[PDB]
Amino acid sequence: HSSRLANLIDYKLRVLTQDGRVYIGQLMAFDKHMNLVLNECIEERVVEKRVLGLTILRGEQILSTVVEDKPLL
Amino acid sequence: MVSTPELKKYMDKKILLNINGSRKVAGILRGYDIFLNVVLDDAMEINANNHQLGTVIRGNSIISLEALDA
Amino acid sequence: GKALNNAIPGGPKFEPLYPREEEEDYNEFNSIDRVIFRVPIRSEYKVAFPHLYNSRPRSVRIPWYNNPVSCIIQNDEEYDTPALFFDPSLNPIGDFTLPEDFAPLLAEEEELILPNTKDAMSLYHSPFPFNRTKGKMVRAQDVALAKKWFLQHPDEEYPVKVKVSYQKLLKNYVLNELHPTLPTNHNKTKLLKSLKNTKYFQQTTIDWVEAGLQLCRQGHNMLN
Amino acid sequence: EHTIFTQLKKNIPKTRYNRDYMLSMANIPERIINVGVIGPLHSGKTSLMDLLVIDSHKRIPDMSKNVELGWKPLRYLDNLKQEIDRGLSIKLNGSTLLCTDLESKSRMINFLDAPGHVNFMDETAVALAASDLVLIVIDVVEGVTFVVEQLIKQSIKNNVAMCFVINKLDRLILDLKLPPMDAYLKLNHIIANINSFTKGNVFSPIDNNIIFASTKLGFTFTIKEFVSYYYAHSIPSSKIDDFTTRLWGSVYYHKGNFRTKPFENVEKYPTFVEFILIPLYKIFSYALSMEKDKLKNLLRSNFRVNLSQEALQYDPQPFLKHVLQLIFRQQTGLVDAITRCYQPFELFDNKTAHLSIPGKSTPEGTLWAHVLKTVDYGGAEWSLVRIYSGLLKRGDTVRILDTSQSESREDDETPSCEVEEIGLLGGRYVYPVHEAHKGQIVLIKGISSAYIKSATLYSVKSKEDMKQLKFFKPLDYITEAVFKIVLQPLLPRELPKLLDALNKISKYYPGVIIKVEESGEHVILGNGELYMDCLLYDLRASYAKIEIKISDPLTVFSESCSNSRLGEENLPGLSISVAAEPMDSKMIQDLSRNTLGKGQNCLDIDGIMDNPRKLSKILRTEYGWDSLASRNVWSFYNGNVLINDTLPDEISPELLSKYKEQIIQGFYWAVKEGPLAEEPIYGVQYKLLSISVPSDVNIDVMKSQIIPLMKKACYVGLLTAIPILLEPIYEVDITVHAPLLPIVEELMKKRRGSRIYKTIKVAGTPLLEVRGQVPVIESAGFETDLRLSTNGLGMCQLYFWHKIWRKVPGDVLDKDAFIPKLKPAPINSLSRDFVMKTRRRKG
Amino acid sequence: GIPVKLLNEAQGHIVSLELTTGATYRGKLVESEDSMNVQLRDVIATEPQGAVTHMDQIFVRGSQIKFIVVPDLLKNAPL
RNA sequence: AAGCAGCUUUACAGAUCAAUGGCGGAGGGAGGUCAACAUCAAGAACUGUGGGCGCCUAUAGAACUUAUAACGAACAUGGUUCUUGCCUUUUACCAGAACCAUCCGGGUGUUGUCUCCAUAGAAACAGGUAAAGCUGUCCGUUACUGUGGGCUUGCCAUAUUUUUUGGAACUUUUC
Ligand SMILES: Nc1nc2c(ncn2[C@@H]2O[C@H](COP(=O)(O)OP(=O)(O)OP(=O)(O)O)[C@@H](O)[C@H]2O)c(=O)[nH]1
Ligand SMILES: [Mg+2]
């Protein structure tokens, strides 16, 4: 399948992980394991922030997905 | 799958392993596995009381593997 | 060969193109006492390596060298032999199984050989006109059929009479190639296209012979 | 700075991967790579680099409508006027190219396109000392001949990985019209015959060390490739990797199952033939013969390809190429094997150790680099270097040294030059570069002045690091020049300009030896006719504008003998007695071969620095050598071996140990010259029979005394030894058709030696490989004679290997035999002739 | 899959990562895998406490990795 | 490579039957042994002019390169200046060079026609250049359904160690 997942490509996303942390940024690449690649990333541990850059998450680590904004030009 | 790891360069050399439960071991590297199961000889615990034993460590457990001397 | 005044035994001879051979000097460089004498130094060497076996070459073009020496085989006698056939000239020289459905993708046709593939692979090596299936139109006098005959070797058996003809045709070919024109005329529209115009002319169809006879009577009447 | 880059990017025809990600990949040492490309004449090297470049740039300005349809093969990396007009690669030229792979992980690669001609083998060596691995390109029709033998031999000797590419398979099917079963047997014969000459490693299509390509039609194959892009879609992925193993090697699958049994049941073909060769021949016979409407159905059904009617209108050939490049995409299969075949840890230490000596200290933390080729680009001249360590940047002050000055091994030791600009070699273009990183081959401006031929380059901030660093050995060229010509300018007032040009030649041409004589005549030593013809054209056109006079082709000779000594000093306190001996052919051949003595090979004499018990062990072991003589071996020459044999060696060993260095310098001085022609001596052994020294020696024994006395004693010792005159001999590789074999024979009979060493039926083709030997003095115009006499069928390559010097049959000194002038001399005395002729030049 | 190839492409550069352990490791990456094994050098670990250390050579299991942090030029790479 | 679903269309019954949005259309096709008018080897880069918003496009001039790739897989004549024979000279020539011309041809663009052929139409209106739906309006199906076609698709199906059949669950103290 994975028809829905291609539709999300190049949107700013809000990704909750099993740790509780939440990553944010655009989606460049996607997998069958739900490995996500994200551009210009920012964790929000919680009144907190950090700048990382390019982040590659595993499938084990990811909980939920949610669009923050529309696809950028 | 089953990428037989690059442990050829560690064979017949001393090691400083770390395992799950913060327990660690020294030994001569005899043989290795697909899943990274290890064969160590002249095995010594690091509790700081060092007990000589003479060992097959499981793959899952392993965190890492070091070299004492360059 | 023209510029160096040294010609191939079967090629044309020209004038010198450089007037003065006059300088002849012995010297510590030139002296026959200091020069080892072996090999004839044939003129073919002077042409084949114009900057080496020839001193002071001028207006000389760099020659082509060593094509791969193609092996291509062809059968002129019996066409019944297949397209892929080993020719007499050639030196003698329980684990895992998958379903039976798959095959070589392109193998669904039994034989690769076709009736047209032997003539087709025979057309793959052909001179310019034939190897191309699409081209443009040329006047009948543009196409030169005999041009290929005098570019070749006279070989042996022929008499000297036709060989000298080979050399002459070669000479005319070389002169025709060496001095091109490359004219560019945007200005002129055909004497006939601008000529037919207005009153004094009319256009029709006629047999060729009748046109010849008409033209003959015209010439006679005009010279008279 | 930035501006210059703004004008220079406009010349560069950009790229699909642009410059930023490729320049970004340069930091990691394990990333990128360096690779050379070698092979015989016209193997598809330059056209293969053509393939990689057309897979590189999106818009190339040079394409005519003709080359894009591919009627005339496009040549990238042949820039020069000589390379285009002659039709062959002359000077090596590379391309820096980022290549992806099947793993999708891209790496920068530095490609080096070497010429395929034998006279240019020198520059291939320049690519050997540069490349990490080499692609040897073989003609499936030509198979492997002696030059491929000596290429895989030199390759495996220089510690570089080897990839084999079998090219021109379209010439196998289309020209020769072999059936599948015979073509598989042909490729297999080529693979067995390339494996026979390799020791320790066996290749096979399955091991991804052999690549099946056609550069004209522009396709490239590895079995993992053609399996991955197509058969991996059809059947599950766990079975494919063991399917590749079950492709090659006699395996036969009947229906859905494979059994190595002979072919039992009925319809029988091998797996490689069934899944690869047959569908390929189908691609050709269908592309040419079949109605174009029918082919679309096979493309969509099988390969999932659709074509416009514009693609259906070309001609047979350019449509065939469009179909092949169409079906088999941009070439990552070549980059896969190039990525797999070279592991830097296993080879690299042996390769750098083979030059810089195995001892290494001060790792990283230092700028360390090796200059190989001085290249002529549009502007000026440029330095091609490989970067072993350190970082380069514009304007950096850099230390420079020359390979001979390194042969010699603080203040006064350092010439230095700043690096003006560093480009990456873009073939026809050059890409501007800020900074140069470890491992990449780059071009530099401003370094050329300090060196000729190879150079050693470094920057060291420490004294101990200055002590531990070891320079690159002089690059060993593949052939000795041997081809002698005497130039003069036509107007002597123009002598200086010619001089300048000659120096330039020695820079851009690594194999040329320029020698100035007493009379001002300029002797040029070069590999062959064609090579020195390129020399002369670049000399009359590009560099010097002067019209010059050229002499008759000649050659360098040597001196030897076939078997006592009284000598007297100019101040008669010294006496020298030196015996002269011929040498064993096995000893000569072992000396001429340069080796470290690895394996069972006889040790080369250059390893004399090792314990003389080891050298004596080699001499006694191999040759049954005398134990005393073996321990009394002193050195080697510029030339043969030197030993001390006499009782006064036992009487006064120390007094002689004071004069050893005098003898060893004045000796190299002596045999570097010669008594007859003032030419070097070959295969002559010397032993010192007696030495007599003045009494009490008050500054009495001196170099100005012992040296010319030892020299004279060696000369007259060679005279009393029945000396002989020596001529070098090319080994001749001829490719002819069978019915033309007698002509060639007569040709040999017509020249001089008339020696054919072997005659070999070339399996699968109507070609004879004829190996032979020709005198170099007679080698003039031999190739043209062979080519004309055979009416364009056949071919000749004259290569200089084993460096054998054969005796000249003429009597060595006889004033009686010589015949009148302007007549080629008789076969009886050719020694007296050549000797006298060189004599009256020397004086 | 692309999420693995990006990793292989950052071999050579310096990488940061997080494990189920809780600690983050930083160093030059030498080899990777489709499993998500890793092989690094000159690593500078930093646990939950803040405790720094040095590890000469390391192998990992992917299963144990949470997520990686990769250099910036690796966003223009081809997908 | 079958079927299912998704996508694109489609003969369509359709929602709307509005504002929309998409693709095409606001000047047809092929062929003239039809003519007129301009040009005409290709490419990077320098200078000037004009148009549009420092950039882009067109034209002219100069230099460099390509094998002068072949406006023509053809090649014919003349003039001038030189060098060769001439003894005559005229006609003509002999056989090389260089600079010019002339002649037989070609393709490209554009304009006006001619013959054969095509069916919607919205081919309707207004703006200008050297050019055109170039622009604005505009209209044909139509932007959301079901029947019918094609694919660019699912990537093709793994509960036992490196991701999707869990080592989770639970408690307590510190700030
Ligand atoms: N028939 C055939 N000939 C090929 C093919 N590939 C290369 N060639 C030959 O290669 C020649 C041109 O290739 P180039 O790359 O220019 O020659 P080269 O291999 O560089 O030769 P060097 O410059 O001497 O190394 C042609 O004359 C072809 O005969 C092929 O697929 N089929
Ligand atoms: Mg080449």
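Following Swiss-Prot, chain D shows residues 102-510, 530-683, 696-975, kept in their order.
Per deposition record, electron microscopy, 3.4 Å.
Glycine residues also receive a Cβ, built from the backbone N, Cα and C atoms like all the rest.
Annotated GTP binding site per Swiss-Prot: D:140-147, D:214-218, D:268-271, in sequence order. Taking Cβ-Cβ distances under 8 Å and a sequence separation of 6 or more, the neighbours of D:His218 (GTP binding site) in its chain are D:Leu142, D:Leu189, D:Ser190, D:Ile191, D:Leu650, D:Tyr651, D:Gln929.
For D:131-338, the entry in Swiss-Prot reads domain 'tr-type G'.
For the region 'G1' (D:140-147), the residues of the chain that approach it from at least six positions outside its boundaries are 176-179, 189-190, 214-215, 217-219, 236-240, 243, 246, 248-249, 252, 266, 268-269, 314-317, 929, judged by C-beta separation under 8 angstroms. Marked as region 'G1' by Swiss-Prot on the basis of sequence analysis: D:140-147.
Taken from Swiss-Prot, the feature region 'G2' covers D:188-192, and the record attributes it to sequence analysis. Tertiary proximity for the region 'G2' (D:188-192) is limited to same-chain residues at least six positions away from its ends with a CB under 8 Å from its CB atoms, namely 142-143, 146-147, 178-179, 181, 214-218, 221, 224, 476-477, 628, 654.
Taken from Swiss-Prot, the feature region 'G3' applies to D:214-217.
Within its own chain, the region 'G4' (D:268-271) has Cβ neighbours under 8 Å at 144-145, 149, 238-242, 313-318, 381, 385, counting only residues six or more beyond its boundaries. According to Swiss-Prot, the region 'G4' annotation covers D:268-271.
Using a cut-off of under 8 A between C-beta atoms, the binding-site residues D:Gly140, D:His143, D:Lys146, D:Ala215, D:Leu270 that neighbour chain C are D:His143.
Here the binding-site residues are D:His143, D:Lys146; the one with the fewest Cβ atoms within 10 Å of its Cβ is D:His143. The Cβ of D:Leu270 (GTP binding site) has D:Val241, D:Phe313, D:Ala314, D:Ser315, D:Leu381 as same-chain neighbours under 8 Å, each 6 or more residues away in sequence.
Close contacts with ligand 1, defined as a Cβ under 6 Å from any of its atoms, occur at D:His143 among the binding-site residues D:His143, D:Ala215, D:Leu270. Sequence-distant contacts (6 or more apart, same chain, Cβ under 8 Å) of D:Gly140 (GTP binding site) comprise D:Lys146, D:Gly217, D:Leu236, D:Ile237, D:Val238, D:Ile239, D:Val249, D:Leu252. Among the binding-site residues D:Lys146, D:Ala215, D:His218, D:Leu270, the residues whose Cβ sits under 6 Å from any atom of ligand 2 are D:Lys146.
In three-state terms derived from DSSP, D:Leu270 (GTP binding site) belongs to a helical segment. In the structure as shown, the Cβ atom of D:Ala215 (GTP binding site) sits within 10 Å of 30 other Cβ atoms.
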